[PDB]
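Colleague: After the C-alpha cells below, expect a handful of questions from me.
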Amino acid sequence: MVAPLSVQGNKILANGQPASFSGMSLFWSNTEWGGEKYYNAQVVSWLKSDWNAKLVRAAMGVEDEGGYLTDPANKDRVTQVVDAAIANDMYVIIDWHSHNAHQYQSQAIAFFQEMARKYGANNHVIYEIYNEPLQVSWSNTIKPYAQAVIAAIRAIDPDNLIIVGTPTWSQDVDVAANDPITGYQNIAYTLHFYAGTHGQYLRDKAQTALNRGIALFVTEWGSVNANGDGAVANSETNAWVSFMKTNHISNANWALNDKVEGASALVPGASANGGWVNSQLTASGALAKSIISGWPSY
C-alpha cells in the first residue's frame, strides 16, 4: 500500500502535504517497437532498488501500428508493469499513449473502465487518458473527451488521480487552466518538456497554470530534443528539475529503452531484466537516474 494521491488547487497531496514522485516512462508498448521487452516485474523492482524510482509509466500505444487497438497483447504488458508497481509499492501511470485519443473515445472508455474495475482500489494507480494532444482546441476537442472518460472512471474509482493531456503536445497547460475540469475531483493536467527544445518559455506557461490554480504532472520529459533524439541539455534539464522540485511536480523521464536515439536511457542490448551497470546507461539515462535517485522523499 502507498499514500492515496489527491489534488488541492495547484498541489498533488500525499499524507496531507504537497508531494511529488520521480521515475521512468517505459517506451511505447507496441508490438515490435523495441520498448516491449522492458515491460516486466524485474525492470520495475530494479528501478526501485537501484534508481530509487517511486514512479513508472506504462506507455500503451493505441491507434499507432502494433498498438492496443490491433494487438490486445499491449494490455498484458501494461498489466505486468501495474502488478509489479503495486507489488513494489511504486506509483504506476496507465498512459493511453495516443496523439488523437478523442478519435477513439469508445475504446478509451472501455479500457479505462476495465483498468478502474481491476486496479481502482490500489492507491498506486494513476490514469493518463490522453498522452499528447496535437494543435487542437482544449474547450472543443480535449475537454469533452476528458469529461466522458473521467465520468466513466469516476463511476468505478472515485479517488485515483486522472491526468489530462493539454494542447500542443501537452504544452498549453495555461490554456487548460482558463477552462479547468471542475466537475470531478483529483484531476491534474499534463505538462511535457524536452530540454533540448523547451526552456523558460514553457516554464512561464507552467507558472501561469499553477498561478491559475491547476495541478501539473510531467508524465513525459526528455533531456534531449522534442523528437526523442539529439544531445543531452544538462543546464536546461537542471533548470526544469529545480522548477519541478520547487512546485512539487511529479515526473517520468522518456524513455526506459535501448533504441539508438538521445532519449533512450539504455545502450542497445541493455538487459530486459534490469541490473544495468552505469556504463550501460546513456548520458540521458545517467542524468535521469541521478535526478530520480536524488528526488525529495517527503
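Starting from 1 in every chain, residues are counted up; chains themselves are A, B, ... following the order of the C-alpha cells, and ligands are numbered from 1 as listed.
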Env of residue 282 of chain A: 10 Å cut, atoms = only C-alpha atoms, seq-sep filter 6 positions within chain, self excluded. Answer as a list in words.
Modeller: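 The neighbour list is residues 232, 258, 260, 261, 262, 263, 264, 265, 266, 267, 268 and 288 of chain A.
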Colleague: Which residues are close to residue 12 of chain A, i.e. within 12 Å by only C-alpha atoms, leaving aside same-chain residues fewer than 3 positions away? Reply as a PyMOL selection string.
Modeller: chain A and resi 3-9+15-21+160-163+185-189+210+213-217+247-250
Colleague: Can I get the selected residues back with N, CA, C and O atoms, as a CSV table (one decimal), in the first residue's frame?
Modeller:
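Here's the written file again23.csv:
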```
chain,number,residue,atom,x,y,z
A,3,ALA,N,0.5,5.9,-0.2
A,3,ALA,CA,-0.4,7.0,0.1
A,3,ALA,C,-1.3,7.3,-1.0
A,3,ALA,O,-0.9,7.4,-2.2
A,4,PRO,N,-2.6,7.5,-0.8
A,4,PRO,CA,-3.6,7.9,-1.8
A,4,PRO,C,-3.3,9.4,-2.2
A,4,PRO,O,-3.1,10.2,-1.4
A,5,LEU,N,-3.2,9.6,-3.5
A,5,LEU,CA,-2.9,11.0,-4.1
A,5,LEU,C,-4.3,11.7,-4.3
A,5,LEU,O,-5.3,11.1,-4.8
A,6,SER,N,-4.2,13.0,-4.0
A,6,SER,CA,-5.4,13.9,-4.3
A,6,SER,C,-4.9,15.2,-4.8
A,6,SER,O,-3.7,15.5,-4.7
A,7,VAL,N,-5.8,16.0,-5.4
A,7,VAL,CA,-5.4,17.4,-5.8
A,7,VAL,C,-6.1,18.4,-4.9
A,7,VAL,O,-7.3,18.2,-4.7
A,8,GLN,N,-5.4,19.4,-4.5
A,8,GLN,CA,-6.0,20.6,-3.8
A,8,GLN,C,-5.4,21.8,-4.5
A,8,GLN,O,-4.2,22.0,-4.3
A,9,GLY,N,-6.1,22.5,-5.3
A,9,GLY,CA,-5.6,23.7,-6.0
A,9,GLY,C,-4.5,23.2,-6.9
A,9,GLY,O,-4.6,22.2,-7.6
A,15,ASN,N,-0.2,12.1,2.3
A,15,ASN,CA,0.0,12.2,3.8
A,15,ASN,C,-0.2,13.7,4.2
A,15,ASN,O,0.6,14.2,5.0
A,16,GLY,N,-1.3,14.4,3.6
A,16,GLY,CA,-1.7,15.7,4.0
A,16,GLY,C,-0.8,16.9,3.6
A,16,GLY,O,-1.0,18.0,4.0
A,17,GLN,N,0.3,16.6,2.8
A,17,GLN,CA,1.3,17.6,2.4
A,17,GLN,C,1.5,17.6,0.9
A,17,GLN,O,1.4,16.5,0.3
A,18,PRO,N,1.8,18.7,0.3
A,18,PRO,CA,2.3,18.6,-1.1
A,18,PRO,C,3.3,17.5,-1.2
A,18,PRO,O,4.2,17.4,-0.4
A,19,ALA,N,3.2,16.6,-2.3
A,19,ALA,CA,4.2,15.5,-2.5
A,19,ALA,C,4.4,15.4,-4.0
A,19,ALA,O,3.5,15.7,-4.8
A,20,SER,N,5.6,14.9,-4.4
A,20,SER,CA,5.9,14.7,-5.8
A,20,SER,C,6.8,13.4,-5.9
A,20,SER,O,7.4,13.1,-4.8
A,21,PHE,N,6.7,12.7,-7.0
A,21,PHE,CA,7.3,11.4,-7.2
A,21,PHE,C,8.0,11.4,-8.6
A,21,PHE,O,7.5,12.0,-9.5
A,160,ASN,N,-8.7,7.9,-7.5
A,160,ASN,CA,-7.4,7.9,-8.0
A,160,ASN,C,-7.2,9.0,-9.0
A,160,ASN,O,-8.1,9.4,-9.8
A,161,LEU,N,-5.9,9.5,-9.1
A,161,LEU,CA,-5.6,10.7,-10.0
A,161,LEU,C,-5.9,10.3,-11.4
A,161,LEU,O,-5.6,9.2,-11.9
A,162,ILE,N,-6.4,11.3,-12.2
A,162,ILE,CA,-6.6,11.3,-13.6
A,162,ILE,C,-5.8,12.5,-14.2
A,162,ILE,O,-6.0,13.5,-13.7
A,163,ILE,N,-4.8,12.2,-15.1
A,163,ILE,CA,-4.0,13.3,-15.7
A,163,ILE,C,-4.5,13.5,-17.1
A,163,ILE,O,-4.6,12.5,-17.8
A,185,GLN,N,-13.2,15.6,-8.9
A,185,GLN,CA,-12.1,15.8,-8.0
A,185,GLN,C,-10.9,15.0,-8.5
A,185,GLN,O,-11.0,14.1,-9.3
A,186,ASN,N,-9.7,15.4,-8.0
A,186,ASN,CA,-8.4,14.6,-8.3
A,186,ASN,C,-8.2,14.5,-9.8
A,186,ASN,O,-7.8,13.4,-10.3
A,187,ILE,N,-8.3,15.7,-10.5
A,187,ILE,CA,-7.9,15.8,-11.9
A,187,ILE,C,-6.6,16.8,-11.9
A,187,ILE,O,-6.7,17.9,-11.3
A,188,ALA,N,-5.6,16.3,-12.6
A,188,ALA,CA,-4.3,17.1,-12.8
A,188,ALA,C,-4.1,17.2,-14.3
A,188,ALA,O,-4.9,16.5,-15.1
A,189,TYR,N,-3.2,18.0,-14.8
A,189,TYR,CA,-3.1,18.3,-16.2
A,189,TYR,C,-1.6,18.0,-16.6
A,189,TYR,O,-0.7,18.3,-15.9
A,210,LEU,N,-0.1,27.0,-12.8
A,210,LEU,CA,0.0,26.9,-11.3
A,210,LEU,C,-0.7,28.1,-10.6
A,210,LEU,O,-1.4,27.9,-9.6
A,213,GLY,N,-4.3,28.0,-10.5
A,213,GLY,CA,-4.8,27.0,-9.5
A,213,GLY,C,-5.1,25.6,-10.1
A,213,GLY,O,-5.9,24.9,-9.4
A,214,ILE,N,-4.4,25.2,-11.1
A,214,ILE,CA,-4.5,23.7,-11.5
A,214,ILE,C,-3.1,23.0,-11.2
A,214,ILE,O,-2.1,23.7,-11.0
A,215,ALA,N,-3.2,21.7,-10.9
A,215,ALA,CA,-2.0,20.9,-10.6
A,215,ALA,C,-1.5,20.3,-11.9
A,215,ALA,O,-2.2,19.8,-12.7
A,216,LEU,N,-0.1,20.3,-12.1
A,216,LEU,CA,0.6,19.8,-13.2
A,216,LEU,C,1.3,18.5,-12.8
A,216,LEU,O,1.7,18.4,-11.7
A,217,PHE,N,1.5,17.6,-13.8
A,217,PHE,CA,2.2,16.3,-13.7
A,217,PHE,C,2.9,16.1,-15.0
A,217,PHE,O,2.3,16.1,-16.1
A,247,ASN,N,7.9,23.4,-7.2
A,247,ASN,CA,6.4,23.3,-7.3
A,247,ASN,C,5.8,21.9,-7.0
A,247,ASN,O,4.6,21.7,-7.3
A,248,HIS,N,6.7,21.0,-6.5
A,248,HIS,CA,6.3,19.6,-6.2
A,248,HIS,C,5.6,18.9,-7.4
A,248,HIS,O,4.4,18.4,-7.2
A,249,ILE,N,6.2,18.9,-8.5
A,249,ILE,CA,5.7,18.3,-9.8
A,249,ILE,C,6.3,17.0,-10.0
A,249,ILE,O,7.5,16.9,-10.2
A,250,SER,N,5.5,15.9,-10.1
A,250,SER,CA,5.9,14.5,-10.4
A,250,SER,C,6.4,14.4,-11.8
A,250,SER,O,6.0,15.3,-12.6
```
Colleague: Nearest to residue 117 of chain A among A:276, A:101, A:155, A:92, with distances taken over only C-alpha atoms: which residue is it?
Modeller: A:155
Colleague: Would you mind telling me which residue in A:183, A:297, A:22, A:69 lies nearest to residue 244 of chain A when using only C-alpha atoms?
Modeller: A:22
Colleague: If we count only C-alpha atoms and set the cut-off at 10 Å, which residues sit around residue 80 of chain A, ignoring sequence neighbours fewer than 4 positions away in its own chain? Please answer as a ChimeraX atom specification.
Modeller: /A:39-41,44,58,75-76,84-85
Colleague: How would the residues just picked look written out with C-alpha atoms as an mmCIF file, in the first residue's frame?
Modeller:
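Wrote part38.cif, looks like this:
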```
data_model
loop_
_atom_site.group_PDB
_atom_site.id
_atom_site.type_symbol
_atom_site.label_atom_id
_atom_site.label_comp_id
_atom_site.auth_asym_id
_atom_site.auth_seq_id
_atom_site.Cartn_x
_atom_site.Cartn_y
_atom_site.Cartn_z
ATOM 1 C CA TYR A 39 7.548 -4.273 -19.676
ATOM 2 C CA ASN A 40 8.273 -6.719 -16.798
ATOM 3 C CA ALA A 41 8.487 -7.084 -12.959
ATOM 4 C CA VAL A 44 10.178 -2.356 -12.095
ATOM 5 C CA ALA A 58 3.255 2.172 -18.935
ATOM 6 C CA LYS A 75 -2.626 -4.595 -22.310
ATOM 7 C CA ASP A 76 -0.932 -7.811 -20.992
ATOM 8 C CA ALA A 84 4.823 -5.174 -10.474
ATOM 9 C CA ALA A 85 4.457 -1.478 -9.419
#
```
Colleague: Give me every strand (DSSP E) residue in segment 16-77 of chain A, going by DSSP on the backbone, as an NGL selection string.
Modeller: :A and (17-18 or 22-28 or 55-61)
Colleague: For a quick check of understanding, using only C-alpha atoms, which of A:154, A:48, A:289, A:198 has the smallest distance to residue 235 of chain A?
Modeller: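 Ranked by minimum distance to residue 235 of chain A, first place goes to A:198.
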Colleague: From the list A:125, A:173, A:225, A:38, which residue is nearest residue 269 of chain A when using only C-alpha atoms?
Modeller: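 Answer, going by the shortest atom-to-atom distance: A:38.
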Colleague: Could you check which of A:239, A:175, A:109, A:53 is closest to residue 90 of chain A, using only C-alpha atoms?
Modeller: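 Smallest distance to residue 90 of chain A is found for A:53.
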Colleague: Check the smallest atom-to-atom distance from each of A:280, A:141, A:123, A:88 to residue 105 of chain A using only C-alpha atoms, then report the winner.
Modeller: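 The shortest atom-to-atom distance to residue 105 of chain A comes from A:141.
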